[PDB]
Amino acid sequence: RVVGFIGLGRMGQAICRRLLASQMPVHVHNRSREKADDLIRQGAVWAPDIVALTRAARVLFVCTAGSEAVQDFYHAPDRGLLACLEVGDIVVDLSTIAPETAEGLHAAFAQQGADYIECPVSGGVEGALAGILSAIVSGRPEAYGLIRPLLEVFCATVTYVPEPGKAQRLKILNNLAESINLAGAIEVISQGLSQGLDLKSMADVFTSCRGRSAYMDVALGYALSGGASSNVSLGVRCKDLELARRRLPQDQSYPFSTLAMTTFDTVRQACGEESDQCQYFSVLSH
């Protein structure tokens, strides 16, 4: 069964590699075609546009960053997804997007007799390549049941929360906690270095004692490797912080949340959109 895939960024490429590794036939499309080259070498089929992709595939994955990509891929007249879908098609959107955007796409797909599956993921490039991503899934149960065995190829945990927009709500809150944990872990590692502590002992303690977190692991991996990419850009991190910022209530202060939004915005301004989320390390020391 042929599956399509749009968005060959860091996460998209990694999920595609996992699908190819299970011997799924995969047709791939990206705005920047050079990011398909390695996938093509490994058996993927290039689709130059959404028309060609939808001809071949009745189930498609989307893994892009930003609201402009939502607009271009879904709503471009004649050329976009909504114009090319057939009745019974399913799109599994793995992007992190605003819940109201996801809700609107659920409704637009239903009008066409197709199904939007809202499927944000967590686990990074590393989890994609090992096939152990966590998915949060909103959408209708029959379409979910049909694509569920596909998610199994690259996911370990899948949380089905049917209400449209609910998966994105949970993902954005998950990533706010990532951002707080990451900034704290970088501060704690940095202080330890200034205090004379060796990275090996800090890694030993911060993975075994209860300061441990998934993103402490990220920060330690970054420090231990001398800056090997965590494969999350500040552009992607700040996109999610901005989604969270727009959901902050006017009646209660959340200082750690608001600090995380401002902190990574400043690091983005100082280091550039494509630089690593962990570049807070270098900003911290100035």
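Position 1 is the first residue in the sequence shown; the rest follow in order.
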property: Of 77-85 and 131-139, the stretch whose C-alpha atoms average the higher B-factor in the entry; result: 77-85
property: 153-161 set against 166-174, stretch whose average Cα temperature factor tops the other in the entry; result: 153-161
property: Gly124, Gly211, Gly145, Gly184, ranked by C-alpha B-factor: the highest one; result: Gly145
property: Most elevated Cα B-factor in the entry, residues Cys119, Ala108, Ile97, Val188; result: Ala108
property: Relative C-alpha B-factor of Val3, binned into the chain's lowest, middle or highest third; result: middle
property: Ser22, C-alpha B-factor rank within chain (lowest, middle or highest third); result: highest
property: CA B-factor ranking of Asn30, expressed as a third of its chain; result: lowest
property: Position of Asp276 among the chain's modelled residues by C-alpha B-factor, lowest, middle or highest third; result: lowest
property: Chain third (lowest, middle, highest) by recorded CA B-factor, residue given as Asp49; result: highest
